[PDB]
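Colleague: Below: the sequence, then the experimentally determined structure.
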Amino acid sequence: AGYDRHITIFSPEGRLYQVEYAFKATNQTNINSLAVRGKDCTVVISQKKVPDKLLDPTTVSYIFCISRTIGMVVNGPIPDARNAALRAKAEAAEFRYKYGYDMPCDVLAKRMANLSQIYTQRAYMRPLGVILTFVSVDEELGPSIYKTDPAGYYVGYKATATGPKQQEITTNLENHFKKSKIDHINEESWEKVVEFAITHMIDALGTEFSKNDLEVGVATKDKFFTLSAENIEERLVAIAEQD
Amino acid sequence: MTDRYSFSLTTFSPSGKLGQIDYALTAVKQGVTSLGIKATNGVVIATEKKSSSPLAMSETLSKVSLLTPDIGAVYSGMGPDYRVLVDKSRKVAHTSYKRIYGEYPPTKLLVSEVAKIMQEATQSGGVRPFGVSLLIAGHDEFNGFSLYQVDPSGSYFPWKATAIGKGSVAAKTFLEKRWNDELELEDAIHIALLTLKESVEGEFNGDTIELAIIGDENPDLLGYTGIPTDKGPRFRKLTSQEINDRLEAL
Amino acid sequence: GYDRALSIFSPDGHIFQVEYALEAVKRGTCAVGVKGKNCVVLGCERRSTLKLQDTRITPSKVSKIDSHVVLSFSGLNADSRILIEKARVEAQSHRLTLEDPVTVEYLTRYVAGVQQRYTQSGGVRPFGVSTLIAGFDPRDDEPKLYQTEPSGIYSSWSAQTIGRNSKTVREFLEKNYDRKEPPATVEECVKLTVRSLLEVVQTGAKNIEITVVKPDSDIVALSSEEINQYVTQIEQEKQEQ
Amino acid sequence: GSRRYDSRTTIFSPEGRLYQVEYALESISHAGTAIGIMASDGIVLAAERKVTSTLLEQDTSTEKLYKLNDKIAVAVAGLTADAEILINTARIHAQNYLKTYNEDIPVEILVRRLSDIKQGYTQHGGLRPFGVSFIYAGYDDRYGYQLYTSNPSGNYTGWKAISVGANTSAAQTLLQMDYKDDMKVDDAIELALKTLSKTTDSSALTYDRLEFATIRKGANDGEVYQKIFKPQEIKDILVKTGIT
Amino acid sequence: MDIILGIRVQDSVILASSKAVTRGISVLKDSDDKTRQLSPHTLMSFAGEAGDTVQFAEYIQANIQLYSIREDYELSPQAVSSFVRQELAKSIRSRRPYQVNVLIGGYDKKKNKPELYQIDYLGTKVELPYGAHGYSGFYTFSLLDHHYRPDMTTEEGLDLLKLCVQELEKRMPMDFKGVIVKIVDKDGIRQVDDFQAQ
Amino acid sequence: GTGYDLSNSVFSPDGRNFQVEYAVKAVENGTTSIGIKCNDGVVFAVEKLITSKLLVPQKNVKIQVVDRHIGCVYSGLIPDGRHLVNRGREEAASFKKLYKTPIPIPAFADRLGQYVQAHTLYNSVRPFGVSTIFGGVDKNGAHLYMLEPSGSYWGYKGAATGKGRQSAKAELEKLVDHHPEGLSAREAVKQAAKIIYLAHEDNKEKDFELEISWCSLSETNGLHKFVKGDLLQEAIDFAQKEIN
Amino acid sequence: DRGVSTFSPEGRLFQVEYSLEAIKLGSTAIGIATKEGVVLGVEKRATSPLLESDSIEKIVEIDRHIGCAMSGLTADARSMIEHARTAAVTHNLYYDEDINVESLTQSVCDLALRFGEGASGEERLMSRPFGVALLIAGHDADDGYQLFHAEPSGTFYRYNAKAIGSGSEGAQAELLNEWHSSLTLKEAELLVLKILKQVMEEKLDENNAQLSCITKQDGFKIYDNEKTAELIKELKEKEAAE
Amino acid sequence: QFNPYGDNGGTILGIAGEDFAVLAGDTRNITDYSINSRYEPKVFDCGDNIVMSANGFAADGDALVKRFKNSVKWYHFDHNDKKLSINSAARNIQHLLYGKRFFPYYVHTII
Amino acid sequence: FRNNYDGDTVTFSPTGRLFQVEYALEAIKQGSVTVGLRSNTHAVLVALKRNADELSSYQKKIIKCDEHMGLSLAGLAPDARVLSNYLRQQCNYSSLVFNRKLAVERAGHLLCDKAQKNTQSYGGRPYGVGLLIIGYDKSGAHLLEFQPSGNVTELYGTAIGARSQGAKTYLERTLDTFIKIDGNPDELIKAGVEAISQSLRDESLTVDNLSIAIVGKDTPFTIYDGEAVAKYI
């Protein structure tokens, strides 16, 4: 009777607590992230917090390279994040082999979302405590952002934010778009779109960042890559010379 | 590993109730309203696109899906469940029919196949029922136009018009008033938009609404020409613009 | 897939599922079997919870396994079928491989085995059934009567009964059946049977069915009248005193 | 492990009962009433459509009467979805018999298989039983017109007249009151409608809430014929038998 | 091959089957009954591959007896032959197919008519007034085609048959050691124990 | 409610997985073991408690090798540790068989990670009761890693787990600061023997036995090897000295 | 509930322990070994006068030189005896010799713990342990006359005399005194008969009790009613003799 | 095509005395017209006073002897180091051989 | 508490314990004492055999796995048969495939890994038996102690079972002495018998209750029972 809270079956209210608690787990890392679309690029920013001195900072990341074109940032525990990453990478490699063309960001999101939907219905699979944000510059849809959650839900966004302070980040962005009247950052270069991202991340969170406080990924026509502490610093120095 | 959940997760309670199915239904009542109206020359299914974030792009998510070129579906309840159900539906229409007979299945039969898939999730080992109810509308040369409703139990029934989800009770009542056996498709679309209005709180426009119809054949939407007997799909999803133009004569 | 151990031991050394299976038997209609000096008779009662049935088609209680052996039972009807089918199949298979019909004891040992197996196998519950198997071994005239239960245990009886109120009718039989001199007549044997059933049937001309088995595959089920006649000659025995 | 959430749908109660079957039946007892009456020259199947609306399309609806064969049909009481799974396997079974022997499947043979399927979900597999009860009305050249019934338990029996679903107790009593062996199909048809009419939880017994079927031997032929009445045919008969 | 003959007269079916059993250089038996009773009013004769022959017949027998016990009824001759065809047709595409040919003679107690069915190892089934498997027909069909009449008596039948068996003893190369004859009618199956000089 | 800690793959209302957390307890209760990443390789060391004079000295080796270039050491349930190494050996063998090149250390880390994470997805399995420090030298230098029962793992400069894990972390952190330019293999061996002696204070009751292994490009040729004989006794002295 | 292969805090397997309980309720069974052969006796225990007492088989032949007696849920013992007979026969086929009594026993015991719902070690398919014990008696050229007690636990012991079933504890205590290495077969016969009589609720006759033995010369034989009756009589006389 | 069989020549002899027995064999192993070895033992002591030799195709012959010796080993484990009688060994060897009835050990074995 | 975490082995307690395994471990303490010790030339096993009645026999405690390896048990007799049989196969496999005697240390690893499999997967149960393995291989004489938890250890000597702590102290005490009993098996055995007697209480070791096994340099693993062990009582 009360075990409707331990496995993925309905509660009398028509709810799935385990899915809810999975969502809870996504914040374990206490890290926020956001993504935005440029005129022809897509950027994802995520906080990076490496407090232990014994850690090799370079081996710490929640941004993944799924394919030459798809990049994925994860909000949730690293072990589940890595399980998801590996799967998506496999799903992408396979898709190319079978259908003859690179798997589109939205399709990979759907496929991953469906996989999640299953853990929601089958009782022996637990959901993954993660929220996956996929980004790229689709050869058909252009800059793309698609995120999926432990519920098996997913959708595309103009821009998006995820983490403990998701709301603060979101409304900041909402505002900016209500203003600009367009569904993207009208910028030709990605360096500028990245700067826009870091800037609004700062405004919304009311925090300043050093080069080791962030993690950045950029998706362009036929290539997704991540920035280095230095690539970042350069970007940080730039916004500083505007304030 | 190895799924050891070989037993039923939905069983009979002493009162004769099948809990999980009941709960599933509950989950459906919580869902956003969606409806269907059958006219003499067409059917219409519609629902509200309850964007879950102003940053989301409502179009990237469709609640009204084409199953075959003459069958459409809409739901109320759990989106993810409905999504996989739509893929299974589109596939079963092929594997269990088009691949045997060389023609798409007739509405009642596809609906029946979908229903079976759900029924199984009600008795098979280690799973929970689907938390959704569907409204499938289609047309086939021998049965004409039809509209069906499929529940988490696997039950289904034919309707002239109906609604499910949040405001089903109210909406169903408004339909019983305005419906008759002499409606033309445009009328059903009109009644459709009117009915949906009551259920919608905030913005009501071609961007917050999703509506499709099963009507005439769309040769212009076929993609090729040269085969007389192939005239085009009867299923057509209205555009944001098409919706708004209508909202003006609302 | 499903292999949960449904029949297991409890502290006191019991296997409740098998015991509860026996409970199902107690609730079933009564069945009795008495062997004569050259025949065996089986009788079963007919419930009355509802009456408007079609006796022509409604499955009867005494089933033929082979032309010389029959099986009646008390307990769940759905369950009995599975046992009857398996028994009938094993019967033909035995003829096919050994070139000789099964002995009554063998057909019994087989049915009993199937039941026992369902008490120590995963994912299955025991048959809520007890059976009476009777007939004549091939080319033999010594009547055979055996009984089996959910546990899988079995043995032979001069006369026996199972089902509701079996306690009663057994008592009757224990003080109405002499091994020294068993019913030397099919008639006097079918009489003792109907007499024993009447102790519990509470006047049931149509509530009582009988089947007589004679040596060499001679099995026939009596009709209401034939039976109703026995009932009559019996109620007079009472009044005439 | 998983044992923790295993309901154990196939076990005996201390009284030797099968919980799920019992409960399944309890479920069936709330389903629209279904009646089957067997006359000397035919059989009648009548069922009450549970839950209806002005909008519910009736010409296209068939929630209780399904044709299995050309000579067998069933009336359902319980989960429609569960029913269909069983219905379909039955239809296959009839065709396999025909493909093997070149003879239509005898009515009991089909009923025993379907019942056996049910019996199974009762003894193994850890699955829930089918929440369905069937009234089989069919005809064969060995027992002529037959009327059967099977429930979640996997047991089946033959009847002259019977009902399944809601208010069976009341319906049974009424049939056991006016049924006579010499009855003619039309007499049975009339008795059937009367019984429902008196056991309905509804206000009046209208056609839109009914499904009807008859397996008679159209004298002008020499062969038997199944007929599932259409909305208008039910509407007509309703007026004639005096229920208007 | 062996002689498997069948002829359906007015009120019965007659089955004649050679008695010889040869294994290479030696004739092992001269009293072999190439028959199996599937039910009180249904008899099946057979010929073909060494092991398969009986293995198939007995397998069919077992199954028809099981159907009888279970339904407490005797399947029509037509139904039995259909079952038998289905089985051979399966064997034809199996790993190791039964190489058997059969004649099924039965009396339909419901139709009250005798019936003869011919079925080969491929599952080719046909109903006939008279028939035979192997080469037997090559010498006998001309005789039957000529003298056969639908209303013949069981006695006339056995005569036209004796006539056929003589042609076989005259023109056929092998010594089949005579035939064993059997009649299936409204009363069942019986063996004409005196055909060695009838 | 409660009981969110009896089944392995269950999320508690606050998003945790207690079974994994309880696994960690078994780890913390284990012997202390560490890893130091030097400028061209890695060093591994572990505490071996002398439960009694009866244990043959130097005989119950704890550190294991994977392939020829990887070293593994763990704290917690030893058998669970061996099990994990066996999988690692299979994992590395499979990889080499197809790609020819011996498995890169980072790739190896994820193989173990994915495997250990797998034992937190079902209730039919128990999570691993060990934390594992492992690493080696490959095409891109040295790599040191530590894997948690949760499946989590990261790259480290220095790593410690077990009973005396705090002392170790303290001492390791010091090294990091006092050597911003790197530590040598030879030096990490000494520094490792010291940290173990220091961390042995949180278990100062039972006498212990030190065990060290290393994988240095210049000292071992990139192949994992056990520090024995003189270089060993030498580090034992450097430690025995600085502990007084 | 709780796994069928779980350990108690005392280090015992629950299902096995409970198994042993059902056995205590079983009909008495006794075995005595003597350099002249081994005797096996059992308590029929008919649950009614209408039950033909000789259709009660609680002493069966494994092989010509091996027999056994059972106590507990006797239906459970059917497959155990099948395995046992097949083992004895198979060994002969593969080695052209008789199976040693101990090996036969070890073989039966090996099925004992083959139960569970998915126990890691092979494919133990059997939902519960057996609810019956056995006294395996036989003779072989290696260790001559032998008596074995095999339990659902999977273990077995060799005894000179052993009693299992409802009357055991008392009967065993008795045996402890009555038995001596110089017993004769006949002596053993009476002793078994006597102890059965003492623990049996029923007045021991040749219909609710059965005797049998196994000797090198004639192997395993089950005494027919007449033969036992006389031994019973012969016993009453010797007893009332003092 | 691939032929799984070969011939290594050799010849063996077994003679039984009243209270003794002998098993002999040349020690030459060959392949066609070439000598593989002038000394390659072919007769083996398998314990329990049993000598054996599987002559013909050496790969098969070695396989068999090895398999039999192992059978003796387990016979001791299972039956308390009980001596395996020659007759029993013979029956056991029969099963070893017939076990590969449809892809035999191409050897003529004598014990 | 414990009640909620000891239903199987796939469950950790709040403190990181595995009760089902701990319970299994108990079965050993409840078993009959057995001792093991070795010098540089030999490895010895001494065991106290237990009986049921005085009409029954004494349970064998020592099993031979190969000509150079064997063990003694304490706990579930069946499990010891299962494990010793698996150890026999491994010894056998090493010989057939590699013509190599299985190293005692290696056997120890295999046992460990096998035991561990029944402590992490649903359905299985830990083995409820302790084992003392002795063997002479390429690196001399060895003694291993096997625990159902999977922990296998190499020692100079040890003991398991009831009152075992007695002998273990005696050995831990005599160590420097017996470890040097090379080239004299009879002594090593007397040293083993003296150790095991430090765990007696109920009775004194008799001829049909004492079980001794030995293996060494030029000594195939051999067992002594009855009169065979008379010269040591």
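Modeller: Right, received. Where do you want to start? Residues are numbered from 1 along each chain as shown, chains lettered A, B, ... in the order given.
Colleague: Correct me if wrong: residue G:77 contacts residue G:134.
Modeller: Yes. The pair residue G:77 / residue G:134 is scored as a contact, 6.8 Å apart, by Cβ atoms under 8 Å. For every residue, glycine as well, the C-beta is placed using N, CA and C.
Colleague: Would you mind telling me which of the two has the busier surroundings?
Modeller: Neighbour tally, residue G:77 and residue G:134, criterion other Cβ atoms under 10 Å in any protein chain shown: the higher count belongs to residue G:134, 29 against 25.
Colleague: Hmm, that one is touching residue G:69, no?
Modeller: Yes. Residue G:134 sits in contact with residue G:69 when judged by Cβ under 8 Å, with a separation of 6.9 Å.
Colleague: one step back: shared neighbours of residue G:77 and residue G:134, which are they?
Modeller: Residues touching both residue G:77 and residue G:134 (Cβ atoms under 8 Å, 6 or more residues apart in numbering or on different chains): residue G:70.
Colleague: ok, which residues in chain G are in contact with chain D?
Modeller: Counting by Cβ under 8 Å from any Cβ of the partner chain, chain G comes close to chain D at G:1, G:3, G:117.
Colleague: Checking the second one next. Helix, strand or coil?
Modeller: Looking back up the chat, that one is residue G:3. Recorded secondary structure, residue G:3: coil (DSSP: H, G, I helix; E, B strand; the rest coil).
Colleague: Helices of the chain, start to end?
Modeller: Let's take chain A. Counting by DSSP state H, the segments of chain A that form helices are A:17-25, A:78-99, A:105-121, A:166-180, A:190-205, A:229-240.
Colleague: um, chain F though
Modeller: Counting by DSSP H, the helices of chain F are F:18-28, F:78-99, F:105-118, F:165-178, F:185-199, F:229-242.
Colleague: for those helices, which one sits closest to chain A?
Modeller: helix F:105-118 (4.1 Å; Cβ to the nearest Cβ).
Colleague: May I see the buried residues of that closest one?
Modeller: By 16 or more other Cβ atoms under 10 Å in any protein chain shown, the buried positions in helix F:105-118 come out as F:105, F:108, F:109, F:110, F:111, F:112, F:113, F:114, F:115, F:116, F:117.
Colleague: next one: stretch B:93-107
Modeller: Quick answer for stretch B:93-107 (16+ other Cβ under 10 Å): B:93, B:97, B:104, B:105, B:106, B:107.
Colleague: Please name the nearest non-neighbouring residue to the fifth one.
Modeller: In space, and not counting its chain neighbours, residue B:106 is closest to residue B:140: 3.8 Å by Cβ to Cβ, 6 or more residues apart in numbering or on different chains.
Colleague: swap in the second one?
Modeller: When the adjacent residues along the chain are set aside, residue B:97 lies closest to residue B:105, with 3.9 Å between them (Cβ to Cβ, 6+ apart).
Colleague: CA atoms of the longest helix out of those in chain G as PDB?
Modeller: Ranked by residue count under DSSP H, the longest helix found in chain G is helix G:77-95. Below are the C-alpha coordinates for helix G:77-95, written out as PDB (Å, rounded to 0.1, in the frame of the first residue of the first chain):
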ATOM      1  CA  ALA G  77      10.100 -38.800  -0.900                       C
ATOM      2  CA  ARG G  78       8.900 -40.100  -4.300                       C
ATOM      3  CA  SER G  79      11.500 -38.100  -6.400                       C
ATOM      4  CA  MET G  80      14.200 -38.900  -3.800                       C
ATOM      5  CA  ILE G  81      13.700 -42.600  -4.400                       C
ATOM      6  CA  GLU G  82      13.600 -42.100  -8.200                       C
ATOM      7  CA  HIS G  83      17.000 -40.300  -8.100                       C
ATOM      8  CA  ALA G  84      18.300 -43.000  -5.800                       C
ATOM      9  CA  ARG G  85      17.200 -45.900  -8.000                       C
ATOM     10  CA  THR G  86      18.500 -44.200 -11.100                       C
ATOM     11  CA  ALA G  87      21.800 -43.600  -9.300                       C
ATOM     12  CA  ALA G  88      22.200 -47.200  -8.300                       C
ATOM     13  CA  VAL G  89      21.200 -48.400 -11.700                       C
ATOM     14  CA  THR G  90      23.400 -45.900 -13.600                       C
ATOM     15  CA  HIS G  91      26.500 -46.600 -11.500                       C
ATOM     16  CA  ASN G  92      26.100 -50.200 -12.500                       C
ATOM     17  CA  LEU G  93      25.700 -49.300 -16.200                       C
ATOM     18  CA  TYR G  94      28.800 -47.100 -16.100                       C
ATOM     19  CA  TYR G  95      31.100 -49.200 -13.900                       C
END
